[PDB]
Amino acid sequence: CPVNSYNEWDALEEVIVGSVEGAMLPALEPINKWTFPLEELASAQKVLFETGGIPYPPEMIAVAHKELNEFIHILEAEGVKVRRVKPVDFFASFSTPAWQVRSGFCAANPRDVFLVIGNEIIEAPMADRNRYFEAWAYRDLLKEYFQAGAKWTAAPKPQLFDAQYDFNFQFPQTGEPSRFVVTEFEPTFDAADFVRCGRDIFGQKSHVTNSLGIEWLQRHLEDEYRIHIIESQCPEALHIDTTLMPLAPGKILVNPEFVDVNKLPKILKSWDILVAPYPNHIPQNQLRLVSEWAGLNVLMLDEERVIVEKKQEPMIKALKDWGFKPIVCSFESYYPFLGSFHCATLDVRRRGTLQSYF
């Protein structure tokens, strides 16, 4: 079976890599405006439109395609087979009986759309209406893997009625408990709100993943897996792979601003908590949807070799001091497409078996 991946670190044999061609800007409503701190909202709301329909600037796609090519060259030189997803018509509008949008998004972030659990690929029930058909660019690959023995399932496709979103939402106060824009109307989650450690999987609630979605995944995986939910302190939370990143058995990288290490699930007590260094560096781009914590979005080729971004000099040094072997790559041109190395990949085959590590 060509699909076999149980965690983030077993020796990487085959990976799907995203594509920035034909990419359309994120839509501001009703989710993504809440990924901006209030002081960034003014600039972002000029750039991003209500329901999509605006392409990424061609020059941004071109520069990102160049760094993507170098990233792929590194992967191949390190012995990984790379499957390049082909663009499709993200510019096209689509509609359901209840709502319509002006375009899709893009295929830059395979990690958001699918979970790989052992020999199974699961299509996520995504809360973002503009991403309703994002699996389409991958269906050639999925049908190939299914023909060769992979399991392939979907969460029920959500309706995404207005009831799924809190239109009175406001960020909590500094004291108050966390809260996000999605409601409990129906199950939704993005796959990248989860990271995989064999029989134990860690997730978070976010602006796209609600309790019903987590409950759905726990029931789907209940025979063999346990899902543990962390609390993020990031008010803009959307995806966990700049917050909590397993690197190897017994080693987990944690964001010091988004995680209170003293409130982490107790199962993590047997592991070494590697607290990420501060980057002292804000990436810049003509659209600015960056978080400074993009440096945590690393990709493990095995328990030792880790791809990390060239300007993340503190992360590179910490990884070396922690015993890893960083392989550096320029990749900040990918950040406006809302991912770095981990977001940009789906690790469909890592050599290994299902174990418990805690």
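Counting begins at 1, following the sequence as shown.
A.B. asks: Given the B-factors recorded for C-alpha atoms, which segment has the greater mean, 34-42 or 61-69?
C.D. replies: Between 34-42 and 61-69, it is 34-42 that shows the higher mean C-alpha B-factor.
A.B. asks: Take the C-alpha B-factors listed in the entry for 197-205 and for 88-96, compute each mean, and give the stretch with the larger one.
C.D. replies: Mean C-alpha B-factor is greater for 88-96.
A.B. asks: Going by the CA temperature factor in the entry, name the top one among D112, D260, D241, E184.
C.D. replies: By C-alpha B-factor in the record, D260 ranks first.
A.B. asks: Highest Cα B-factor in the deposition, which of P177, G104, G213, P246?
C.D. replies: Most elevated C-alpha B-factor of the set, per the entry: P177.
A.B. asks: Tell me, lowest, middle or highest third: where does the Cα B factor of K143 rank within its chain?
C.D. replies: Answer is middle: the recorded C-alpha B-factor places it there.
A.B. asks: Would you mind ranking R129 by its C-alpha B-factor against the rest of the chain and naming the third, lowest, middle or highest?
C.D. replies: Lowest third - that is where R129 ends up once the chain's C-alpha B-factors are sorted.
A.B. asks: Grab the CA temperature factor for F167 from the record and place it in the lowest, middle or highest third of its chain.
C.D. replies: Highest third - that is where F167 ends up once the chain's C-alpha B-factors are sorted.
A.B. asks: How does the C-alpha B factor of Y278 compare with the rest of the chain: lowest, middle or highest third?
C.D. replies: Middle third, going by the recorded CA B-factors of the chain.
A.B. asks: Among the modelled residues of its chain, does the C-alpha B-factor of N297 lie in the lowest, middle or highest third?
C.D. replies: Ranked within chain, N297 CA B lands in the lowest tercile.
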